[PDB]
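Asker: The following file, model.txt, comprises compact mmCIF, C-alpha atoms and all ligand atoms:
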```txt
# COMPACT_ATOMS: atom_id res chain seq x y z
CA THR W 700 67.14 -60.33 6.98
CA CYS W 701 70.20 -58.24 8.12
CA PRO W 702 73.18 -60.10 6.73
CA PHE W 703 75.95 -61.27 9.06
CA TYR W 704 78.52 -58.97 7.38
CA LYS W 705 76.68 -55.83 8.75
CA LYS W 706 76.88 -57.11 12.38
CA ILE W 707 79.64 -56.46 14.84
CA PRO W 708 79.96 -59.49 17.17
CA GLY W 709 80.16 -58.97 20.92
CA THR W 710 78.38 -55.66 20.64
CA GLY W 711 74.85 -54.53 19.94
CA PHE W 712 76.19 -52.66 16.80
CA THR W 713 75.35 -52.74 13.07
CA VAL W 714 77.11 -50.80 10.24
CA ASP W 715 75.11 -49.37 7.25
CA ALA W 716 72.01 -51.49 8.18
CA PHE W 717 69.08 -49.17 7.82
CA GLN W 718 66.78 -51.07 5.37
CA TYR W 719 65.86 -54.18 7.47
CA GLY W 720 63.45 -52.51 9.91
CA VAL W 721 64.28 -52.83 13.58
CA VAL W 722 67.19 -55.27 13.80
CA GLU W 723 66.64 -57.72 16.70
CA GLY W 724 69.11 -56.62 19.36
CA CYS W 725 70.70 -53.46 17.86
CA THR W 726 71.53 -50.76 20.38
CA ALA W 727 73.41 -48.41 17.93
CA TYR W 728 73.41 -48.08 14.13
CA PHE W 729 76.67 -46.86 12.52
CA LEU W 730 76.61 -44.99 9.13
CA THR W 731 80.00 -45.00 7.26
CA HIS W 732 78.97 -42.36 4.64
CA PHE W 733 76.13 -40.60 2.79
CA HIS W 734 75.64 -42.87 -0.25
CA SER W 735 72.12 -44.14 -0.79
CA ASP W 736 72.89 -47.94 -0.81
CA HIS W 737 74.40 -47.36 2.65
CA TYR W 738 71.74 -45.03 4.09
CA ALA W 739 68.77 -46.77 2.44
CA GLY W 740 66.01 -46.91 5.04
CA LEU W 741 66.88 -43.69 6.92
CA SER W 742 64.22 -40.90 7.20
CA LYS W 743 62.70 -38.32 9.58
CA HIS W 744 60.83 -41.20 11.33
CA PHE W 745 63.96 -42.98 12.61
CA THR W 746 64.16 -43.07 16.45
CA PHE W 747 67.41 -44.98 17.21
CA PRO W 748 70.83 -43.47 17.76
CA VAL W 749 72.97 -43.02 14.62
CA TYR W 750 76.70 -42.67 14.96
CA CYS W 751 78.61 -40.95 12.11
CA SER W 752 81.03 -38.10 11.17
CA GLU W 753 80.11 -34.43 11.46
CA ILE W 754 79.60 -34.16 7.65
CA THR W 755 77.40 -37.26 7.41
CA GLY W 756 75.41 -35.73 10.32
CA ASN W 757 74.86 -32.40 8.49
CA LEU W 758 73.49 -34.37 5.48
CA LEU W 759 71.21 -36.57 7.68
CA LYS W 760 69.83 -33.41 9.27
CA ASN W 761 69.44 -31.13 6.15
CA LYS W 762 68.77 -33.66 3.36
CA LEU W 763 66.99 -36.55 5.07
CA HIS W 764 65.50 -34.46 7.96
CA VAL W 765 66.51 -36.95 10.70
CA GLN W 766 65.80 -35.35 14.10
CA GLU W 767 68.84 -33.85 15.81
CA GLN W 768 68.37 -35.91 19.00
CA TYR W 769 69.10 -39.19 17.07
CA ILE W 770 72.27 -37.92 15.32
CA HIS W 771 75.48 -38.51 17.25
CA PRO W 772 78.42 -36.98 15.30
CA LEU W 773 81.93 -38.13 16.41
CA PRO W 774 85.31 -36.49 15.65
CA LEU W 775 87.92 -38.38 13.67
CA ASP W 776 91.10 -39.68 15.16
CA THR W 777 89.69 -39.70 18.70
CA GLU W 778 89.05 -42.60 21.12
CA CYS W 779 85.35 -42.35 22.03
CA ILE W 780 83.07 -44.68 24.22
CA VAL W 781 79.68 -45.70 22.80
CA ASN W 782 77.36 -47.94 24.90
CA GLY W 783 80.46 -49.10 26.77
CA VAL W 784 82.71 -49.89 23.80
CA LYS W 785 85.83 -47.92 22.75
CA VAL W 786 85.56 -46.74 19.05
CA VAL W 787 87.63 -44.58 16.65
CA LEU W 788 86.50 -43.09 13.31
CA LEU W 789 89.23 -42.72 10.61
CA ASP W 790 89.24 -40.96 7.23
CA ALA W 791 88.31 -43.49 4.55
CA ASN W 792 89.51 -41.42 1.48
CA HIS W 793 86.19 -42.01 -0.21
CA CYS W 794 83.53 -39.21 -0.52
CA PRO W 795 83.24 -36.30 1.93
CA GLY W 796 82.42 -37.38 5.50
CA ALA W 797 83.24 -41.05 4.74
CA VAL W 798 84.88 -43.11 7.48
CA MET W 799 86.31 -46.40 8.60
CA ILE W 800 85.54 -47.58 12.18
CA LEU W 801 87.78 -49.31 14.67
CA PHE W 802 85.95 -51.35 17.33
CA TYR W 803 87.85 -52.40 20.53
CA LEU W 804 85.80 -55.34 21.96
CA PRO W 805 85.68 -55.97 25.72
CA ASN W 806 87.24 -59.40 25.13
CA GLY W 807 90.41 -57.84 23.52
CA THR W 808 89.44 -58.39 19.84
CA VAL W 809 90.13 -55.38 17.57
CA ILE W 810 87.86 -55.04 14.43
CA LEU W 811 88.24 -52.59 11.50
CA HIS W 812 85.29 -51.88 9.22
CA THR W 813 86.51 -49.97 6.12
CA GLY W 814 83.07 -48.84 4.97
CA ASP W 815 83.84 -47.67 1.33
CA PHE W 816 87.49 -46.53 1.03
CA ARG W 817 90.42 -46.01 -1.38
CA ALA W 818 93.33 -47.50 0.51
CA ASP W 819 96.38 -45.23 0.66
CA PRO W 820 99.90 -45.57 2.17
CA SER W 821 99.00 -42.61 4.43
CA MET W 822 96.71 -44.96 6.43
CA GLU W 823 99.76 -46.93 7.50
CA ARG W 824 100.55 -43.86 9.79
CA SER W 825 97.11 -43.39 11.36
CA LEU W 826 96.03 -44.91 14.75
CA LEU W 827 95.85 -48.16 12.87
CA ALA W 828 99.60 -48.62 13.28
CA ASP W 829 99.37 -48.69 17.11
CA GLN W 830 97.93 -52.18 17.65
CA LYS W 831 96.89 -55.34 15.96
CA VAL W 832 93.62 -55.76 14.06
CA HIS W 833 92.16 -59.27 14.16
CA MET W 834 89.08 -58.91 11.89
CA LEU W 835 88.70 -56.68 8.78
CA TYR W 836 85.39 -56.01 7.09
CA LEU W 837 86.69 -54.99 3.63
CA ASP W 838 85.41 -52.89 0.67
CA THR W 839 86.11 -55.41 -2.06
CA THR W 840 84.46 -53.44 -4.99
CA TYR W 841 87.58 -53.90 -7.21
CA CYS W 842 89.12 -57.14 -5.91
CA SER W 843 90.46 -58.51 -9.23
CA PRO W 844 93.83 -57.89 -10.92
CA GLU W 845 92.26 -56.29 -14.09
CA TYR W 846 91.25 -53.31 -11.96
CA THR W 847 94.00 -50.78 -12.36
CA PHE W 848 93.50 -47.12 -12.53
CA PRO W 849 95.52 -43.95 -12.34
CA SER W 850 96.08 -41.76 -9.36
CA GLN W 851 93.43 -39.17 -8.66
CA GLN W 852 96.15 -36.46 -9.10
CA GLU W 853 96.96 -37.74 -12.67
CA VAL W 854 93.28 -37.73 -13.62
CA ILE W 855 92.73 -34.20 -12.33
CA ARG W 856 95.86 -32.95 -14.16
CA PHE W 857 94.25 -34.36 -17.35
CA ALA W 858 90.91 -32.67 -16.82
CA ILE W 859 92.32 -29.23 -15.93
CA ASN W 860 94.60 -29.20 -19.07
CA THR W 861 91.84 -30.47 -21.39
CA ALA W 862 89.34 -27.84 -20.24
CA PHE W 863 91.77 -24.95 -20.16
CA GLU W 864 92.82 -25.70 -23.78
CA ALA W 865 89.27 -26.06 -25.15
CA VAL W 866 87.99 -22.88 -23.50
CA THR W 867 91.14 -20.88 -24.41
CA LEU W 868 90.74 -21.92 -28.10
CA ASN W 869 87.04 -21.11 -27.96
CA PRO W 870 85.80 -18.73 -25.25
CA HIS W 871 82.17 -19.53 -26.22
CA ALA W 872 82.54 -23.23 -25.13
CA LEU W 873 80.65 -24.57 -22.05
CA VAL W 874 82.16 -27.18 -19.64
CA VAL W 875 79.64 -29.61 -18.16
CA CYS W 876 80.28 -32.14 -15.34
CA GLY W 877 77.99 -35.12 -14.39
CA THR W 878 77.02 -36.02 -10.76
CA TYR W 879 74.47 -38.22 -8.82
CA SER W 880 75.71 -38.28 -5.22
CA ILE W 881 78.45 -36.75 -3.11
CA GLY W 882 82.05 -37.65 -4.10
CA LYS W 883 84.35 -36.55 -6.94
CA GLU W 884 83.99 -32.83 -6.10
CA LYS W 885 87.67 -32.26 -7.05
CA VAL W 886 86.74 -32.66 -10.75
CA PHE W 887 84.38 -29.78 -11.06
CA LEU W 888 86.18 -27.56 -8.53
CA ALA W 889 89.68 -27.99 -10.13
CA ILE W 890 88.27 -27.26 -13.64
CA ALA W 891 86.31 -24.22 -12.42
CA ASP W 892 89.42 -22.95 -10.71
CA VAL W 893 91.71 -23.03 -13.75
CA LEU W 894 88.89 -21.26 -15.70
CA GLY W 895 88.24 -18.41 -13.22
CA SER W 896 84.59 -19.47 -12.87
CA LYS W 897 82.32 -20.63 -10.03
CA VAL W 898 80.45 -23.86 -10.59
CA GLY W 899 76.78 -23.52 -11.37
CA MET W 900 74.24 -26.10 -10.13
CA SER W 901 70.66 -26.71 -9.02
CA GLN W 902 69.32 -25.59 -5.67
CA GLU W 903 69.22 -29.20 -4.27
CA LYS W 904 72.82 -29.80 -5.27
CA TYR W 905 74.00 -26.41 -3.89
CA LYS W 906 72.31 -27.46 -0.61
CA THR W 907 74.18 -30.75 -0.61
CA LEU W 908 77.61 -29.09 -1.13
CA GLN W 909 76.92 -26.49 1.60
CA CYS W 910 76.73 -29.48 4.09
CA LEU W 911 80.39 -30.54 3.48
CA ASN W 912 82.66 -28.14 5.47
CA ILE W 913 84.62 -27.35 2.29
CA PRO W 914 86.83 -24.30 3.01
CA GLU W 915 85.97 -20.99 1.26
CA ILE W 916 83.10 -22.88 -0.45
CA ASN W 917 81.10 -19.69 -0.89
CA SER W 918 83.84 -18.39 -3.25
CA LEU W 919 83.61 -21.53 -5.48
CA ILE W 920 79.89 -22.29 -6.10
CA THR W 921 76.60 -20.67 -7.15
CA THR W 922 72.97 -21.26 -8.25
CA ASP W 923 73.21 -18.47 -10.86
CA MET W 924 73.89 -20.63 -13.93
CA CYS W 925 74.27 -17.72 -16.27
CA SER W 926 77.30 -16.15 -14.54
CA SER W 927 79.24 -19.46 -14.66
CA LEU W 928 81.00 -21.53 -17.38
CA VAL W 929 81.29 -24.87 -15.47
CA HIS W 930 77.84 -26.43 -15.00
CA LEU W 931 76.85 -29.53 -12.97
CA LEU W 932 74.03 -31.68 -14.33
CA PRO W 933 72.55 -35.02 -13.29
CA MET W 934 74.69 -37.85 -14.68
CA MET W 935 71.55 -39.11 -16.54
CA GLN W 936 71.68 -35.93 -18.62
CA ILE W 937 75.38 -36.49 -19.76
CA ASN W 938 74.62 -37.53 -23.35
CA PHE W 939 74.11 -36.06 -26.84
CA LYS W 940 70.32 -35.56 -26.55
CA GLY W 941 70.53 -34.17 -23.00
CA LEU W 942 73.43 -31.80 -23.74
CA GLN W 943 71.95 -30.43 -27.01
CA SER W 944 68.79 -29.79 -24.97
CA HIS W 945 70.77 -28.07 -22.21
CA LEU W 946 72.78 -26.06 -24.77
CA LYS W 947 69.51 -24.61 -26.08
CA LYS W 948 68.56 -23.42 -22.53
CA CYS W 949 71.53 -21.03 -22.31
CA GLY W 950 70.07 -18.94 -25.15
CA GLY W 951 73.00 -18.75 -27.59
CA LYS W 952 75.60 -17.81 -24.90
CA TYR W 953 77.53 -21.00 -25.83
CA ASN W 954 78.23 -22.84 -29.14
CA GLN W 955 80.23 -25.87 -27.89
CA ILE W 956 80.01 -28.20 -24.85
CA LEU W 957 82.81 -30.26 -23.47
CA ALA W 958 81.55 -32.73 -20.84
CA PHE W 959 83.17 -35.03 -18.29
CA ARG W 960 81.51 -38.29 -17.04
CA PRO W 961 83.52 -39.47 -14.02
CA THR W 962 83.29 -43.25 -14.19
CA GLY W 963 84.77 -45.83 -11.86
CA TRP W 964 86.33 -48.48 -14.09
CA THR W 965 85.61 -49.07 -17.76
CA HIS W 966 87.30 -51.82 -19.91
CA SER W 967 89.41 -49.28 -21.88
CA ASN W 968 91.60 -49.23 -18.63
CA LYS W 969 92.96 -52.65 -19.69
CA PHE W 970 94.49 -51.13 -22.86
CA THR W 971 94.72 -47.35 -22.69
CA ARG W 972 96.73 -44.78 -20.65
CA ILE W 973 95.30 -41.51 -19.13
CA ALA W 974 97.60 -39.54 -21.46
CA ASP W 975 95.85 -41.28 -24.41
CA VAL W 976 92.10 -40.77 -23.60
CA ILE W 977 89.71 -39.61 -26.34
CA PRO W 978 86.04 -38.42 -26.36
CA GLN W 979 82.78 -39.35 -28.10
CA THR W 980 81.75 -36.46 -30.43
CA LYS W 981 78.50 -35.49 -32.18
CA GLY W 982 78.79 -32.03 -33.69
CA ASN W 983 79.85 -29.24 -31.32
CA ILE W 984 79.48 -31.60 -28.26
CA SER W 985 82.21 -33.88 -26.85
CA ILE W 986 82.03 -36.29 -23.89
CA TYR W 987 85.02 -37.63 -21.93
CA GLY W 988 84.84 -40.66 -19.64
CA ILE W 989 87.55 -40.07 -17.03
CA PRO W 990 88.41 -42.89 -14.49
CA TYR W 991 88.28 -40.99 -11.19
CA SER W 992 87.88 -43.79 -8.54
CA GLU W 993 87.03 -43.26 -4.86
CA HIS W 994 87.42 -47.10 -4.33
CA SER W 995 90.76 -49.01 -3.94
CA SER W 996 92.46 -50.42 -7.09
CA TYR W 997 93.42 -54.11 -6.77
CA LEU W 998 97.02 -53.24 -6.03
CA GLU W 999 96.12 -50.54 -3.44
CA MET W 1000 93.81 -53.06 -1.69
CA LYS W 1001 96.46 -55.75 -1.71
CA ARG W 1002 99.08 -53.51 -0.20
CA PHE W 1003 96.77 -52.30 2.65
CA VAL W 1004 95.79 -55.87 3.57
CA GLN W 1005 99.45 -57.17 3.46
CA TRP W 1006 100.47 -54.27 5.70
CA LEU W 1007 97.57 -54.81 8.15
CA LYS W 1008 97.97 -58.59 8.28
CA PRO W 1009 94.53 -59.34 9.64
CA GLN W 1010 93.55 -62.79 11.05
CA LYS W 1011 90.20 -62.93 9.19
CA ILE W 1012 88.78 -60.92 6.27
CA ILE W 1013 85.04 -60.44 5.81
CA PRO W 1014 84.07 -58.89 2.41
CA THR W 1015 81.30 -56.32 2.17
CA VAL W 1016 81.00 -55.95 -1.68
CA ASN W 1017 80.35 -58.48 -4.44
CA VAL W 1018 79.03 -61.07 -1.91
CA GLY W 1019 75.90 -62.17 -3.59
CA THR W 1020 77.36 -64.86 -5.85
CA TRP W 1021 79.28 -67.99 -5.06
CA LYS W 1022 81.63 -67.33 -7.94
CA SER W 1023 82.65 -63.87 -6.57
CA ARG W 1024 82.99 -65.11 -2.98
CA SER W 1025 85.15 -67.94 -4.21
CA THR W 1026 87.37 -65.62 -6.21
CA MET W 1027 87.91 -63.17 -3.40
CA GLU W 1028 88.90 -65.93 -0.92
CA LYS W 1029 91.51 -67.13 -3.44
CA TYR W 1030 93.23 -63.73 -3.64
CA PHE W 1031 93.09 -63.36 0.16
CA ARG W 1032 95.01 -66.67 0.49
CA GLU W 1033 97.52 -65.61 -2.22
CA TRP W 1034 98.25 -62.42 -0.26
CA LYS W 1035 98.62 -64.27 3.03
CA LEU W 1036 100.98 -66.86 1.58
CA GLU W 1037 103.06 -64.19 -0.21
CA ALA W 1038 103.42 -61.99 2.93
CA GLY W 1039 103.76 -64.87 5.46
CA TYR W 1040 101.02 -63.92 7.98
NI NI W 1101 80.26 -45.31 -1.38
```
Can you dump the structure from the file as structure tokens?

Answerer:
Amino acid sequence: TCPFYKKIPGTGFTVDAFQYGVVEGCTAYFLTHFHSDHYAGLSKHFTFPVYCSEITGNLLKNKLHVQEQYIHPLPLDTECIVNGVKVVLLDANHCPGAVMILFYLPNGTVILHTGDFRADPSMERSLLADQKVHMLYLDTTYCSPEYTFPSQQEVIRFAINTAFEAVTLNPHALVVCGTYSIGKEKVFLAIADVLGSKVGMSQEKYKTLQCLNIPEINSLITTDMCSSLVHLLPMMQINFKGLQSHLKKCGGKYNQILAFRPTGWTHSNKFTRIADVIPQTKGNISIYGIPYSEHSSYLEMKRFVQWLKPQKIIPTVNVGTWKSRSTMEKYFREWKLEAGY
């Protein structure tokens, strides 16, 4: 059944609750972003209203073929009324089109649902600062002090310099980037840009990026693989077997592949710096795992919550075990006691 943490009390609303059939009493289904755990259930045969950002709406329409009459895109940073309830959609600093949602309940309660986010000090100067939030439904993906990672800017600086060096030493080297969803577009765009290339990809993936309102996007991407030295492949293909195979397909235009696997966290984060990353190598093929996160680090989460000072926190990730629930609740109390709310 639809879990309680997908339900917004005092409303007929659910958030990211598309795989439970008709939910008894739901008058509007919110979708925070276009990742498949969150949209799972949606199709052309859906006949309830879906509320979402303009970008999420383009993807529902063109990728999932949801009929245009059931898609209700809202603008960000604007007070809107939906079935009698004031709502605002805010940038979540996750993948493109991803949002957080502020609900103003008729009774005076204010609720913030983060969807998936990477907390940032910039959110402390959004509409959030203007009034008190009583309940917070929180992306807790990385709620444990081991989870540190570098800034997205630091990671991108790394990738740009790595690629530029390898290609300038060997102009017959190919750069490959792994992907299995929207998100983490900066990696392949920032590399392609230092190299004076467009990014080459499949037709389905080109379709997906054309949904995202990226400025001057036409200048940056293509389906013509052969004119391009930064290729996107499915993440499943980012390995020695899969890259050797792919290297063959280019017909001796390339003699070396350098590949990037954007990961979330991996346990080398506990010991190693970004400056000190190294690849796995078999022959003329090297693979880098780079920790580009679009979720909050522990410290970024902590800071957001201590700034917001909510009355109750409801986690939306890692909820399925008693051990994880218990651990999260402990850190929430630590934060509350340290910041005196
Ligand atoms: Ni997500």

Asker: With 12 Å as the cut-off and all atoms listed in the file counted, what is the closest atom pair between each nearby residue of chain W and ligand NI 1101 (chain W)? Distances in Å to one decimal, ordered by chain and number, as a Markdown table.

Answerer:
```
| residue | atom | partner | partner_atom | distance |
| --- | --- | --- | --- | --- |
| W:715 | CA | W:NI1101 | NI | 10.8 |
| W:730 | CA | W:NI1101 | NI | 11.1 |
| W:731 | CA | W:NI1101 | NI | 8.6 |
| W:732 | CA | W:NI1101 | NI | 6.8 |
| W:733 | CA | W:NI1101 | NI | 7.5 |
| W:734 | CA | W:NI1101 | NI | 5.3 |
| W:735 | CA | W:NI1101 | NI | 8.2 |
| W:736 | CA | W:NI1101 | NI | 7.8 |
| W:737 | CA | W:NI1101 | NI | 7.4 |
| W:738 | CA | W:NI1101 | NI | 10.1 |
| W:791 | CA | W:NI1101 | NI | 10.2 |
| W:792 | CA | W:NI1101 | NI | 10.4 |
| W:793 | CA | W:NI1101 | NI | 6.9 |
| W:794 | CA | W:NI1101 | NI | 7.0 |
| W:795 | CA | W:NI1101 | NI | 10.1 |
| W:796 | CA | W:NI1101 | NI | 10.7 |
| W:797 | CA | W:NI1101 | NI | 8.0 |
| W:798 | CA | W:NI1101 | NI | 10.2 |
| W:799 | CA | W:NI1101 | NI | 11.7 |
| W:813 | CA | W:NI1101 | NI | 10.8 |
| W:814 | CA | W:NI1101 | NI | 7.8 |
| W:815 | CA | W:NI1101 | NI | 5.1 |
| W:816 | CA | W:NI1101 | NI | 7.7 |
| W:817 | CA | W:NI1101 | NI | 10.2 |
| W:838 | CA | W:NI1101 | NI | 9.4 |
| W:839 | CA | W:NI1101 | NI | 11.7 |
| W:840 | CA | W:NI1101 | NI | 9.8 |
| W:879 | CA | W:NI1101 | NI | 11.8 |
| W:880 | CA | W:NI1101 | NI | 9.2 |
| W:881 | CA | W:NI1101 | NI | 8.9 |
| W:882 | CA | W:NI1101 | NI | 8.3 |
| W:883 | CA | W:NI1101 | NI | 11.2 |
| W:963 | CA | W:NI1101 | NI | 11.4 |
| W:992 | CA | W:NI1101 | NI | 10.6 |
| W:993 | CA | W:NI1101 | NI | 7.9 |
| W:994 | CA | W:NI1101 | NI | 7.9 |
| W:995 | CA | W:NI1101 | NI | 11.4 |
| W:1015 | CA | W:NI1101 | NI | 11.6 |
| W:1016 | CA | W:NI1101 | NI | 10.7 |
```

Asker: Quick check, in Å to one decimal: how far apart do CA of residue 754 (chain W) and CA of residue 918 (chain W) lie?

Answerer: 19.6 Å

Asker: CA of residue 904 (chain W) and CA of residue 930 (chain W), how far apart in Å?

Answerer: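 Value for the CA of residue 930 (chain W)-CA of residue 904 (chain W) distance: 11.5 Å.
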
Asker: Which residues are close to residue 706 (chain W), i.e. within 10 Å by only C-alpha atoms, leaving aside same-chain residues fewer than 6 positions away? Reply as a list in words.

Answerer: residues 712, 713, 714, 715, 716, 722, 725 and 728 of chain W

Asker: Show which residues sit within 7 Å of residue 957 (chain W), as a PyMOL selection string. Count all atoms listed in the file, and ignore same-chain residues fewer than 2 positions away.

Answerer: chain W and resi 873-875+955+984-986

Asker: Emit the selected residues as a PDB file, keeping the file's coordinate frame, including C-alpha atoms.

Answerer:
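This went into out-v5.pdb:
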```pdb
ATOM      1  CA  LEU W 873      80.650 -24.570 -22.050  1.00  0.00           C
ATOM      2  CA  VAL W 874      82.160 -27.180 -19.640  1.00  0.00           C
ATOM      3  CA  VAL W 875      79.640 -29.610 -18.160  1.00  0.00           C
ATOM      4  CA  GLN W 955      80.230 -25.870 -27.890  1.00  0.00           C
ATOM      5  CA  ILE W 984      79.480 -31.600 -28.260  1.00  0.00           C
ATOM      6  CA  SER W 985      82.210 -33.880 -26.850  1.00  0.00           C
ATOM      7  CA  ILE W 986      82.030 -36.290 -23.890  1.00  0.00           C
TER       8      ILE W 986
END
```

Asker: Between W:751, W:1013, W:876, W:828, which one has atoms that come closest to residue 800 (chain W), using only C-alpha atoms?

Answerer: W:751

Asker: Between CA of residue 771 (chain W) and CA of residue 819 (chain W), what is the distance in Å, rounded to a tenth?

Answerer: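 Separating CA of residue 771 (chain W) from CA of residue 819 (chain W) is a distance of 27.5 Å.
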
Asker: Which of these residues is nearest to residue 761 (chain W), using only C-alpha atoms: W:727, W:911, W:827, W:932?

Answerer: W:911

Asker: Of the residues W:1010, W:849, W:878, W:709, which is the one nearest to residue 804 (chain W), using all atoms listed in the file?

Answerer: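 For residue 804 (chain W), the nearest of the candidates is W:709.
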
Asker: Got a sec to check which residues sit within 12 Å of (62.8, -37.2, 11.7), counting all atoms listed in the file, and write them as a PyMOL selection string?

Answerer: chain W and resi 741-748+759-770

Asker: Can you tell me which residues surround residue 835 (chain W) at a distance of at most 8 Å, considering all atoms listed in the file, apart from same-chain residues fewer than 5 positions away, and format the answer as a ChimeraX atom specification?

Answerer: /W:810-813,1009,1011-1013

Asker: With all atoms listed in the file as the atoms that count, which of W:757, W:909, W:861, W:830 lies nearest to residue 809 (chain W)?

Answerer: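 Distance minimum relative to residue 809 (chain W) lands on W:830.
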
Asker: Around the point (89.1, -48.5, -21.8), in the coordinates given by the file, pick out the residues reaching within 12 Å, counting only C-alpha atoms, and return them as an MDAnalysis selection string.

Answerer: chainID W and resid 845:848 962:973 975:978 987:990

Asker: With distances taken over only C-alpha atoms, which residue among W:807, W:982, W:961, W:772 lies nearest residue 855 (chain W)?

Answerer: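 Looking at the shortest contact to residue 855 (chain W), the residue is W:961.
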
Asker: Choose the residue, out of W:820, W:920, W:704, W:890, that has the smallest atom-to-atom separation from residue 1000 (chain W); count only C-alpha atoms.

Answerer: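 Selected residue with least distance to residue 1000 (chain W): W:820.
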
Asker: For residue 700 (chain W), please output as a list in words all residues within 12 Å (counting only C-alpha atoms; exclusion window: fewer than 5 positions along the same chain).

Answerer: residues 705, 706, 716, 717, 718, 719, 720, 721, 722 and 723 of chain W

Asker: Near residue 945 (chain W), within 12 Å and counting only C-alpha atoms, which residues show up once chain neighbours fewer than 2 positions away are dropped, as JSON, numbers by chain?

Answerer: {"W": [873, 874, 875, 924, 930, 931, 932, 933, 936, 937, 938, 939, 940, 941, 942, 943, 947, 948, 949, 950, 951, 952, 953, 954, 955, 956, 958, 984]}
